[PDB]
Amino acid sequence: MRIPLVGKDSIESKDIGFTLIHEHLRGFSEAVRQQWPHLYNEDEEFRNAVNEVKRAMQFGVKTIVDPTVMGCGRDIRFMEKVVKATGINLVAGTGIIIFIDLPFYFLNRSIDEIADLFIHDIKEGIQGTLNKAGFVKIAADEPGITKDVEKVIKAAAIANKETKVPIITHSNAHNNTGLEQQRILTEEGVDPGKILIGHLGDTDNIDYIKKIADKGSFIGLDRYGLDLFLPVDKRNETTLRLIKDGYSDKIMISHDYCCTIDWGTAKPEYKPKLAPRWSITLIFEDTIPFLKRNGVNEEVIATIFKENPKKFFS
């Protein structure tokens, strides 16, 4: 019974079914929400999350993997309520999202101490519940591999070696952070096939993407719907090029959709094409249809959304 699920008994990885590997039921900054609760509306967040999950299930999604962790407001009790309302298979994780330095708590603390937090969540449970973490999430972005970023990467390696759960990353597609994450993890003894290097869909530098896939890790053509990083069409072109080039067995596709996020809204940009609705089902309305009529068959779709997650969690 490999994979722990929020609010359910654990399931064998072979039964994961059609999976969205990188979605967020909700995201927020823990410190801002604790200090200024007036900014938030949990009931609206809950309604939005339930609606999106139901829509995903209507398109045949069986399992959602939610890599919300420390820094983005992971709340296992909110997740379990969404499960109760929908019946979705939901995989929660553990980890830390930082781009520069760790919080003040971590002053004078070792990599082992950080790893112990992840292992606690995997083996004992999350936030005082018996819901266990099924993967580790880590990050790097524009600042690159800082001292503290490297500490978290190495802690994730320790957690993987002890518990065998896979690792999902956040990277910046325009620097080499994804490649660096992969290298540091594999040097620490992590199987490359247990790593998903995230946010690679943000670039059309296909050689960089192929380099990571060729080293053995899954490539996250996630953020489907955020044209800020790269338009859906260019993403689609990149996705289609990778498929016709033979990389289906390394491709993971998701939206990285946040049913509710607290980030300020950026300046809008309007293109000659009307922006597709970023949602947890955009790949069913745009990407998958775009793919199909470009010649890619059902077996490729099954590889990306079923076989690849199965392997990842196997």
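When you see a residue number, it is the position in the sequence shown, counting from 1.
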(request) Averaging only over Cα atoms, indicate whether 273-281 or 27-35 has the higher B-factor in the PDB entry. (result) 273-281
(request) On mean C-alpha B-factor from the PDB entry, just flag whether 10-18 or 298-306 is the higher one. (result) 298-306
(request) Identify, among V152, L230, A140, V91, the residue whose C-alpha carries the highest B-factor in the deposited PDB entry. (result) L230
(message) If I read the C-alpha B-factors straight from the PDB entry, which of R183, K132, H199, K234 is highest?
(response) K234
(message) What third of the chain does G225 rank in for C-alpha temperature factor, lowest, middle or highest?
(response) highest
(message) What third of the chain does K164 rank in for C-alpha temperature factor, lowest, middle or highest?
(response) middle
(request) Could you look up the Cα B-factor of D262 in the entry and say which third of the chain it sits in: lowest, middle or highest? (result) highest
(request) Looking at the entry's B-factor column for C-alpha atoms only, identify whether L5 ranks in the lowest, middle or highest third of its chain. (result) lowest
(request) Classify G60 as lowest, middle or highest third according to the C-alpha B-factor given in the PDB entry, relative to its own chain. (result) middle
